[PDB]
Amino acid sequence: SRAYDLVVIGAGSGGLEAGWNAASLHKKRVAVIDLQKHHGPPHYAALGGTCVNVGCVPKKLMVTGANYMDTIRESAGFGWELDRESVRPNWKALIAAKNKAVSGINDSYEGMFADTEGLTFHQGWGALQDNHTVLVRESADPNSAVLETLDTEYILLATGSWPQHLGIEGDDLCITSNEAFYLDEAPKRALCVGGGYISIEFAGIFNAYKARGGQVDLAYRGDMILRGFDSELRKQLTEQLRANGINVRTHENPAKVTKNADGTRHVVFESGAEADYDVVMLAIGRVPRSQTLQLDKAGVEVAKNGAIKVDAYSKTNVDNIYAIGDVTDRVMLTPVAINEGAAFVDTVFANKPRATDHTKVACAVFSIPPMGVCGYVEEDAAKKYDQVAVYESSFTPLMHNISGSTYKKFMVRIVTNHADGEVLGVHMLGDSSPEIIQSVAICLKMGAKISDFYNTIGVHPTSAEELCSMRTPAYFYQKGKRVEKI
């Protein structure tokens, strides 16, 4: 028997879920380790992990702020008069408010530890000495002071992921989203590099808060942003992004970043194009944060990219060490890590083997306008099924007639297995699609068919009723081939 039942390394969405359920629902001695207790430099994350501190929660408060540049512009069309020249955004006030809010969640979690018997927080760098001994050192350097040594039954690794760096000359003058949450002034000219959702979301933020002559550029090495998402939506989002002032640059990737005399960055693009920017933000990928846990010391196998390898039940190759969340590089989303933490406590401390279903998980992109997506994209479904039907509706929501932002089309598209009518993926662009898609993913867990959609009576006037208005396929794929008739 050991001093601790469970030692969780990482106090994030996964680790906090597993830690609280094991101590509370199962009366275990759980020790949770994290570097920091309040959000901020030097480690950015703290209690609550990347979601609370430098992820979902601060980013969404900041996208809600970014949104008012649009709604103040659009109130003109509904008769709201005001001195439009006085309208100035204020970055410092936004950052102060954000900071205020995340500090509350940090304090919420000291309360959780202080009120759960068996749950204790232990601040520092956790590293493995063998599969029953976790060390808490002062810093990642394996020659720093060990602050305490914990003897334990099971170990759960929930260390998350870290921004990926480009190895170009000048990478150290670029920032990543961690530092974007702590900037002092909003950049007048900014470069976001990557076409994934963290890039697009931050481009929407910077675009709203820049000084009046400013410009935001989004650079992407590929052909069209947001690879892996539905093509048509990717095409449509690129236009609304450009219609709000962003210079989307595809097939573009930086080569050298140099600091200019004033402190701005001089980028030389792989194309030979050059430009100067107040801030260059690297949002090119999040890599699994496993590289300093001394996993080698306990025999845990990691992947090429550093992902800790785990089976369906999150077990590694060492029988009492499990790993969950982003470090396992399965679907990197907060709900998915929370699920995995709950399954693990059932598997290990309740002996109810549970496995997280990583399929049909729905996700949103909080761009302006937003996206809400779930299940297959037609190219994939087309590969796995002989007859796929694709449905799509597109319309400007009426308020946008009167508002002036006529470039804002709501778009909804549905991919089905044409044989049985089962819905395989629903993809949406427009406001409120993050909210609409949550209820759509429930339908998709239950095996909804397309007649289940169009036999439901609509709620009018709403965009979401278009989901129940599509009864005829726009086109098909018969045996991998796009086709118009079957």
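Counting begins at 1, following the sequence as shown.
Mean CA temperature factor from the deposited coordinates, higher in 463 to 471 or in 17 to 25? On average, C-alpha B-factors are higher across 463 to 471.
Quick check: 359 to 367 versus 96 to 104, which has the larger average CA B-factor in the record? Taking the mean C-alpha B-factor of 96 to 104 and of 359 to 367, the larger value falls to 359 to 367.
Selection from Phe78, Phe349, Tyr313, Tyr385 [criterion: highest C-alpha temperature factor in the record]: In this record, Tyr385 carries the highest C-alpha B-factor of the candidates.
Which has the highest CA B-factor per the PDB entry: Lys309, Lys235, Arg286, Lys297? Of the options given, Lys297 has the highest CA B-factor in the PDB entry.
Going by the CA temperature factor in the PDB record, which third of the chain does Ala419 belong to: lowest, middle or highest? For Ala419, whose C-alpha B-factor we compare with every modelled residue in the chain, the answer is the highest third.
According to the PDB entry, is the CA B factor of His132 in the bottom, middle or top third of its chain, that is, lowest, middle or highest? Lowest third, going by the recorded CA B-factors of the chain.
Looking at the temperature factor on the CA atom of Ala180, which third of the chain's modelled residues does it land in? Middle third.
Select lowest, middle or highest to describe the third in which the CA B-factor of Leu398 falls within its chain in this entry. Ranked within chain, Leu398 CA B lands in the highest tercile.
Lowest, middle or highest third: where is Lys445 by C-alpha B factor in its chain? Top third by C-alpha B-factor.
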